[PDB]
file final-v2.txt (compact mmCIF, C-alpha atoms and all ligand atoms)
# COMPACT_ATOMS: atom_id res chain seq x y z
CA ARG A 51 283.49 58.18 53.26
CA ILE A 52 286.24 56.37 55.19
CA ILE A 53 287.05 57.77 58.65
CA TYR A 54 290.08 56.68 60.69
CA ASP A 55 290.60 57.47 64.37
CA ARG A 56 293.84 58.82 65.80
CA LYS A 57 294.12 55.71 67.98
CA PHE A 58 293.84 53.44 64.93
CA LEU A 59 296.35 55.36 62.80
CA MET A 60 299.03 55.17 65.51
CA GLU A 61 298.81 51.37 65.68
CA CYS A 62 299.68 51.00 61.97
CA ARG A 63 303.23 52.35 62.42
CA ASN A 64 304.55 48.77 62.49
CA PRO B 31 289.79 39.00 53.13
CA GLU B 32 290.71 41.84 55.51
CA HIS B 33 293.92 39.94 56.28
CA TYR B 34 295.95 40.84 53.19
CA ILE B 35 294.42 44.19 52.17
CA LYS B 36 295.82 47.65 52.83
CA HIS B 37 293.49 49.96 54.72
CA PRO B 38 292.50 52.52 52.05
CA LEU B 39 292.25 56.25 52.55
CA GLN B 40 289.30 58.40 51.52
CA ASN B 41 291.45 60.59 49.26
CA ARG B 42 294.80 60.25 47.52
CA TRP B 43 297.37 62.57 49.09
CA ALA B 44 300.42 64.11 47.41
CA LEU B 45 303.40 65.20 49.52
CA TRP B 46 305.40 68.21 48.33
CA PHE B 47 308.78 69.64 49.32
CA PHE B 48 309.62 73.34 48.93
CA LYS B 49 313.18 74.70 49.12
CA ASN B 50 313.90 78.39 48.64
CA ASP B 51 316.26 79.48 45.86
CA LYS B 52 316.52 83.14 44.86
CA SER B 53 317.78 82.17 41.39
CA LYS B 54 314.44 80.72 40.21
CA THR B 55 310.70 81.25 40.60
CA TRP B 56 308.60 80.23 43.59
CA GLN B 57 306.63 77.59 41.68
CA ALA B 58 309.81 75.86 40.49
CA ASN B 59 311.12 75.65 44.06
CA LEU B 60 308.08 73.55 45.04
CA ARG B 61 308.66 69.91 44.06
CA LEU B 62 306.65 66.70 44.47
CA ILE B 63 307.76 63.65 46.44
CA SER B 64 305.15 60.88 46.13
CA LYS B 65 301.46 59.99 46.28
CA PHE B 66 299.55 57.47 48.39
CA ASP B 67 295.97 56.33 48.99
CA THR B 68 296.31 53.88 51.92
CA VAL B 69 297.25 54.05 55.59
CA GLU B 70 300.18 51.70 55.02
CA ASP B 71 301.69 53.77 52.21
CA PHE B 72 301.37 56.91 54.35
CA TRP B 73 303.49 55.42 57.14
CA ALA B 74 305.95 53.95 54.62
CA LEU B 75 306.61 57.40 53.13
CA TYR B 76 306.56 59.28 56.44
CA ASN B 77 308.89 56.98 58.40
CA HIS B 78 311.80 57.49 55.98
CA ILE B 79 311.57 61.27 55.46
CA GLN B 80 312.94 63.84 57.89
CA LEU B 81 311.06 65.44 60.75
CA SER B 82 309.91 69.03 60.27
CA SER B 83 312.23 70.24 63.05
CA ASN B 84 315.31 68.68 61.43
CA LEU B 85 314.67 70.43 58.09
CA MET B 86 316.98 73.18 56.92
CA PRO B 87 315.48 76.64 57.57
CA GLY B 88 313.55 77.79 54.52
CA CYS B 89 311.92 74.47 53.55
CA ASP B 90 308.26 73.46 53.49
CA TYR B 91 306.38 70.17 53.68
CA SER B 92 303.03 70.35 51.86
CA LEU B 93 300.39 67.60 51.91
CA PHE B 94 297.40 68.19 49.62
CA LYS B 95 294.66 66.20 47.94
CA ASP B 96 295.53 64.62 44.60
CA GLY B 97 294.65 67.29 42.04
CA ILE B 98 295.33 70.40 44.17
CA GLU B 99 298.80 71.97 44.10
CA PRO B 100 300.19 73.76 47.18
CA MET B 101 299.64 77.29 45.86
CA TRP B 102 296.95 79.97 45.86
CA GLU B 103 296.84 79.69 42.06
CA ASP B 104 294.91 76.40 42.16
CA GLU B 105 291.16 76.44 41.55
CA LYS B 106 290.34 74.98 44.96
CA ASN B 107 293.03 77.08 46.66
CA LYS B 108 291.66 80.27 45.14
CA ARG B 109 289.31 82.20 47.43
CA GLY B 110 289.76 79.59 50.15
CA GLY B 111 291.48 80.50 53.44
CA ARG B 112 294.12 79.23 55.89
CA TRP B 113 293.92 78.24 59.58
CA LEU B 114 297.34 79.51 60.64
CA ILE B 115 299.38 78.32 63.64
CA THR B 116 302.34 80.52 64.61
CA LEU B 117 305.12 78.79 66.56
CA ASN B 118 307.93 80.49 68.48
CA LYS B 119 311.64 79.68 68.69
CA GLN B 120 311.48 77.18 71.57
CA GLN B 121 308.44 75.36 70.15
CA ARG B 122 310.81 73.85 67.56
CA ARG B 123 311.74 71.00 69.93
CA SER B 124 308.51 69.08 70.55
CA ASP B 125 305.50 71.17 69.49
CA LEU B 126 306.42 71.47 65.80
CA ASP B 127 306.91 67.74 65.19
CA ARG B 128 303.83 66.84 67.25
CA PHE B 129 301.45 69.46 65.82
CA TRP B 130 302.37 68.67 62.20
CA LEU B 131 301.93 64.91 62.66
CA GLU B 132 298.60 65.56 64.38
CA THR B 133 297.62 67.77 61.44
CA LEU B 134 298.44 64.98 58.96
CA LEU B 135 296.14 62.55 60.78
CA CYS B 136 293.26 65.05 60.69
CA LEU B 137 293.65 65.34 56.91
CA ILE B 138 293.95 61.69 55.87
CA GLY B 139 291.49 60.47 58.50
CA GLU B 140 288.90 63.00 57.36
CA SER B 141 287.77 63.71 60.92
CA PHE B 142 286.15 67.02 59.98
CA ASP B 143 282.78 65.32 59.40
CA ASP B 144 280.99 66.53 56.26
CA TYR B 145 283.33 69.52 55.93
CA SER B 146 286.33 67.39 54.90
CA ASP B 147 285.50 68.00 51.23
CA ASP B 148 286.25 71.69 51.84
CA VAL B 149 289.72 70.89 53.22
CA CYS B 150 292.42 71.30 50.56
CA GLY B 151 295.60 70.47 52.45
CA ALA B 152 298.26 71.60 54.90
CA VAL B 153 301.70 73.21 54.94
CA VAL B 154 304.44 73.60 57.55
CA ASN B 155 306.94 76.46 57.16
CA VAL B 156 310.33 75.79 58.77
CA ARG B 157 311.59 79.35 59.25
CA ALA B 158 314.41 80.95 61.21
CA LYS B 159 312.23 83.64 62.86
CA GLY B 160 309.16 81.48 63.48
CA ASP B 161 307.51 78.28 62.38
CA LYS B 162 304.09 78.12 60.75
CA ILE B 163 301.62 75.26 60.35
CA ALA B 164 298.46 75.81 58.34
CA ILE B 165 295.37 74.08 56.95
CA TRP B 166 293.96 75.25 53.61
CA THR B 167 290.26 75.23 52.73
CA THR B 168 288.45 75.59 49.41
CA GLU B 169 286.20 78.54 50.35
CA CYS B 170 286.34 81.27 52.98
CA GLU B 171 282.70 82.25 52.42
CA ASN B 172 281.52 78.96 53.99
CA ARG B 173 281.45 80.13 57.60
CA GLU B 174 279.55 76.95 58.54
CA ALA B 175 282.45 74.90 57.16
CA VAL B 176 285.48 77.00 58.14
CA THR B 177 284.52 77.43 61.81
CA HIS B 178 283.87 73.70 62.29
CA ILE B 179 287.20 72.68 60.76
CA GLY B 180 289.25 75.06 62.89
CA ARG B 181 287.37 74.17 66.07
CA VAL B 182 288.01 70.44 65.67
CA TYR B 183 291.53 71.34 64.54
CA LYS B 184 292.18 73.11 67.85
CA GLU B 185 290.69 70.28 69.93
CA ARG B 186 292.76 67.62 68.16
CA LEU B 187 296.03 69.50 68.70
CA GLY B 188 294.99 70.35 72.27
CA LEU B 189 295.70 74.07 72.56
CA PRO B 190 294.65 75.90 75.73
CA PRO B 191 291.72 78.34 75.40
CA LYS B 192 294.26 81.12 76.02
CA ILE B 193 295.81 80.81 72.55
CA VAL B 194 293.52 81.88 69.70
CA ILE B 195 294.43 80.57 66.22
CA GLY B 196 293.78 82.73 63.18
CA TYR B 197 292.10 82.11 59.83
CA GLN B 198 292.91 84.35 56.86
CA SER B 199 292.00 84.23 53.18
CA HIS B 200 294.73 84.05 50.56
CA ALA B 201 293.42 87.27 48.99
CA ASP B 202 294.53 89.08 52.14
CA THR B 203 297.66 86.93 52.46
CA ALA B 204 298.77 87.69 48.89
CA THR B 205 298.48 91.43 49.62
CA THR B 211 296.70 91.23 57.17
CA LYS B 212 293.62 90.59 59.33
CA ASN B 213 291.85 87.42 60.40
CA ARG B 214 288.34 86.43 59.29
CA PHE B 215 287.64 83.87 62.04
CA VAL B 216 289.55 82.97 65.22
CA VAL B 217 289.04 80.17 67.75
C1 LIG C 301 302.28 79.82 49.19
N1 LIG C 301 302.94 80.97 48.52
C2 LIG C 301 303.64 81.90 49.13
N2 LIG C 301 304.08 82.76 48.20
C3 LIG C 301 304.90 83.94 48.50
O1 LIG C 301 305.90 83.59 49.47
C4 LIG C 301 306.31 84.85 50.02
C5 LIG C 301 307.01 84.62 51.36
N3 LIG C 301 307.07 83.18 51.65
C6 LIG C 301 305.89 82.77 52.12
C7 LIG C 301 304.64 83.47 52.67
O2 LIG C 301 304.28 84.76 52.88
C8 LIG C 301 303.98 82.11 52.88
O3 LIG C 301 302.89 81.73 53.31
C9 LIG C 301 305.22 81.41 52.33
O4 LIG C 301 305.55 80.24 52.14
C10 LIG C 301 305.00 85.60 50.24
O5 LIG C 301 305.19 86.99 49.94
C11 LIG C 301 304.04 84.99 49.22
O6 LIG C 301 303.63 85.99 48.29
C12 LIG C 301 303.64 82.36 47.00
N4 LIG C 301 303.78 82.84 45.74
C13 LIG C 301 303.22 82.22 44.67
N5 LIG C 301 303.37 82.72 43.45
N6 LIG C 301 302.47 81.05 44.86
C14 LIG C 301 302.32 80.55 46.16
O7 LIG C 301 301.67 79.52 46.35
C15 LIG C 301 302.91 81.20 47.22
call {"tool": "encode", "arguments": {"input": "final-v2.txt", "output": "structure tokens", "more": "lines below"}}
Ligand SMILES: C[n+]1cn([C@@H]2O[C@H](CNc3c(O)c(=O)c3=O)[C@@H](O)[C@H]2O)c2nc(N)[nH]c(=O)c21
result
Amino acid sequence: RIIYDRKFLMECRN
Amino acid sequence: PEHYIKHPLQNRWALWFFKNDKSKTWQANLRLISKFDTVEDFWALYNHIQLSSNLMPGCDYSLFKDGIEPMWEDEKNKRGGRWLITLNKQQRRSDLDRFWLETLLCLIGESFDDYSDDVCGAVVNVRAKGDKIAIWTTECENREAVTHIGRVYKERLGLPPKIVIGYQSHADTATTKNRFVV
């Protein structure tokens, strides 16, 4: 299972 | 390696758009927009579509796992409940756009621990008399699963302990009282 944090998902907006 | 690859998601997610039309059925008014299985393709699709607040009243965004359609009729959506968030008139400004985006990240990031396999999807209802955001599960009989999803769901959105969010099965919704509330 692949888990992504909220902090990490926000940084991929660019 | 790790320089050119897209960060892949656990599940493939399909985004749906619903627009009410009295001339046709409910299922025909729900239409699909795209599918994605990476973090990059999620932001690519989301950054060009409208915010939930800007939508015309009577329209729904629906993100679900690939294979589950946004309707009680689906196998996984049968039986399974709904963690319902009612929003008032003024909440349209900032709370609606922020709660729905926070809901999307809880789905695709699978932050619900082991109980992310029970999570079917989410839906936001842009309505003129209220706004509604919801998370759908695959079974309401799993109290161990349902309570843990809604409790993390409330902590991630950051609601005060004063507001209690309701969970209701689609068998009651299609015919209301809550089964579990946090
Ligand atoms: C998600 N959903 C809401 N409805 C109907 O919409 C009517 C009013 N509009 C809505 C609700 O109620 C919702 O939730 C929603 O959206 C209700 O009486 C529901 O019976 C539905 N009817 C079919 N056949 N299939 C659905 O998936 C469905």
call {"tool": "interface_residues", "arguments": {"input": "final-v2.txt", "of": "chain A", "to": "chain B", "cutoff": "8 Å", "atoms": "all atoms listed in the file", "output": "PDB file with C-alpha atoms, in the coordinates of the input"}}
result
ATOM      1  CA  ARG A  51     283.490  58.180  53.260  1.00  0.00           C
ATOM      2  CA  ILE A  52     286.240  56.370  55.190  1.00  0.00           C
ATOM      3  CA  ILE A  53     287.050  57.770  58.650  1.00  0.00           C
ATOM      4  CA  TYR A  54     290.080  56.680  60.690  1.00  0.00           C
ATOM      5  CA  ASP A  55     290.600  57.470  64.370  1.00  0.00           C
ATOM      6  CA  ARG A  56     293.840  58.820  65.800  1.00  0.00           C
ATOM      7  CA  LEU A  59     296.350  55.360  62.800  1.00  0.00           C
ATOM      8  CA  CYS A  62     299.680  51.000  61.970  1.00  0.00           C
ATOM      9  CA  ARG A  63     303.230  52.350  62.420  1.00  0.00           C
TER      10      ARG A  63
END
call {"tool": "residues_near_ligand", "arguments": {"input": "final-v2.txt", "ligand": "ligand LIG 301 (chain C)", "cutoff": "10 Å", "atoms": "all atoms listed in the file", "output": "ChimeraX atom specification"}}
result
/B:48-50,55-58,60,88-90,92,99-104,107,112,114,153-157,162-164,200,203-205
call {"tool": "axis_aligned_box", "arguments": {"input": "final-v2.txt", "around": "segment 101-109 of chain B", "padding_each_side": "4 Å", "output": "JSON"}}
result
{"center_x": 294.5, "center_y": 78.6, "center_z": 44.5, "size_x": 18.3, "size_y": 15.2, "size_z": 13.9}
call {"tool": "closest_residue", "arguments": {"input": "final-v2.txt", "among": "B:87, B:111, B:31, B:97", "to": "residue 176 of chain B", "atoms": "all atoms listed in the file"}}
result
B:111
call {"tool": "atom_distance", "arguments": {"input": "final-v2.txt", "atom1": "atom CA of residue 178 of chain B", "atom2": "atom CA of residue 67 of chain B"}}
result
25.0 Å
call {"tool": "atom_distance", "arguments": {"input": "final-v2.txt", "atom1": "atom CA of residue 183 of chain B", "atom2": "atom CA of residue 85 of chain B"}}
result
24.0 Å
call {"tool": "residues_around", "arguments": {"input": "final-v2.txt", "residues": "residue 45 of chain B", "least_positions_apart": "5", "cutoff": "7 Å", "atoms": "all atoms listed in the file", "output": "JSON, numbers by chain"}}
result
{"B": [62, 63, 64, 65, 92, 93, 94]}
call {"tool": "write_last_selection", "arguments": {"input": "final-v2.txt", "atoms": "C-alpha atoms", "output": "mmCIF file, keeping the file's coordinate frame"}}
result
data_model
loop_
_atom_site.group_PDB
_atom_site.id
_atom_site.type_symbol
_atom_site.label_atom_id
_atom_site.label_comp_id
_atom_site.auth_asym_id
_atom_site.auth_seq_id
_atom_site.Cartn_x
_atom_site.Cartn_y
_atom_site.Cartn_z
ATOM 1 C CA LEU B 62 306.650 66.700 44.470
ATOM 2 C CA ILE B 63 307.760 63.650 46.440
ATOM 3 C CA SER B 64 305.150 60.880 46.130
ATOM 4 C CA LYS B 65 301.460 59.990 46.280
ATOM 5 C CA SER B 92 303.030 70.350 51.860
ATOM 6 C CA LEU B 93 300.390 67.600 51.910
ATOM 7 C CA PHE B 94 297.400 68.190 49.620
#
call {"tool": "closest_residue", "arguments": {"input": "final-v2.txt", "among": "B:170, B:98, B:81, B:182", "to": "residue 123 of chain B", "atoms": "all atoms listed in the file"}}
result
B:81
call {"tool": "atom_distance", "arguments": {"input": "final-v2.txt", "atom1": "atom CA of residue 195 of chain B", "atom2": "atom CA of residue 61 of chain B"}}
result
28.4 Å
call {"tool": "residues_around", "arguments": {"input": "final-v2.txt", "residues": "segment 115-119 of chain B", "least_positions_apart": "5", "cutoff": "12 Å", "atoms": "only C-alpha atoms", "output": "PyMOL selection string"}}
result
chain B and resi 83+124-127+129-130+133+152-166+180+183-184+187+189+193-198+216-217
